[PDB]
């Protein structure tokens, strides 16, 4: 199909997305960059979708975190998310798509701006949210591995799928974990969707980049970086350590698993056979330019190898 302006897409119904794409690319993403708003919007896709529990309720990827923001944004685990919700609200008001669709669309658009990134499958047609998420559904950085795997499992994700989804932390920072140093990234390349995150989480911790007693924070190996206690544990726990290490310098796996699992998350609470596939409106992501590697002055002796079956891979070091 050919839309009013000459752009094409497989299903004509997808045409309404093109002006929305242009609007968000300039006005939310600072001109199609992989920056702060991309990161927050990708976080938002998760804090929307994971509000889903067979026992407790919540409609999943339904736009509830916008529609019921007054409730959801005051949950402790949602600290800091009010900023991006308030930034997305005017676009949702202005355009003719549901908040659930908008959140997933903005997340997939944003991720496509990141070198090494992926086009997450996107489906159009979610109805407006009809309930707030229950509290206590979003994993927290001071939660155990057992707790996180049980929560994500409750929502339908296996342990390997949790690791795959945490490739998100390759383009991410924290603002509230240590509010003395807001905006500190989880890897040395927060504007590149790469395996740096899985390498750097495996390094021996050395320092706290800000203050030293924050709940849910572990030592970081690098002054410009913050480490979550949840990521420290997942990189090391016998349940997840071997999958974690398998991501290192495995960019094809990161891409293919992240996109597939994000699609599954984007569809929590929904039914893709009632939705329309609009994946071809999402832009083509830029490529990686070079290999993930150790930071300057590090070596493999700085890696806390945690997988019994398989030696951590050789890596070069930024010299």
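Positions refer to the first chain, counted from 1.
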If you average the CA temperature factors as listed in the entry, which stretch comes out higher, 83-91 or 160-168?
83-91
Between 271-279 and 28-36, point out the one with the higher average CA B-factor as the PDB entry records it.
271-279
Go through 50, 65, 266, 291 one by one and give the residue whose Cα B-factor in the PDB entry is largest.
291
Lowest, middle or highest third: where is residue 124 by C-alpha B factor in its chain?
highest
Taking only the Cα B-factors deposited for this chain, tell me whether residue 216 sits in the lowest, middle or highest third.
middle
The third of the chain into which the C-alpha temperature factor of residue 74 falls is the highest
Going by the CA temperature factor in the PDB record, which third of the chain does residue 135 belong to: lowest, middle or highest?
highest
Tell me, lowest, middle or highest third: where does the Cα B factor of residue 145 rank within its chain?
middle
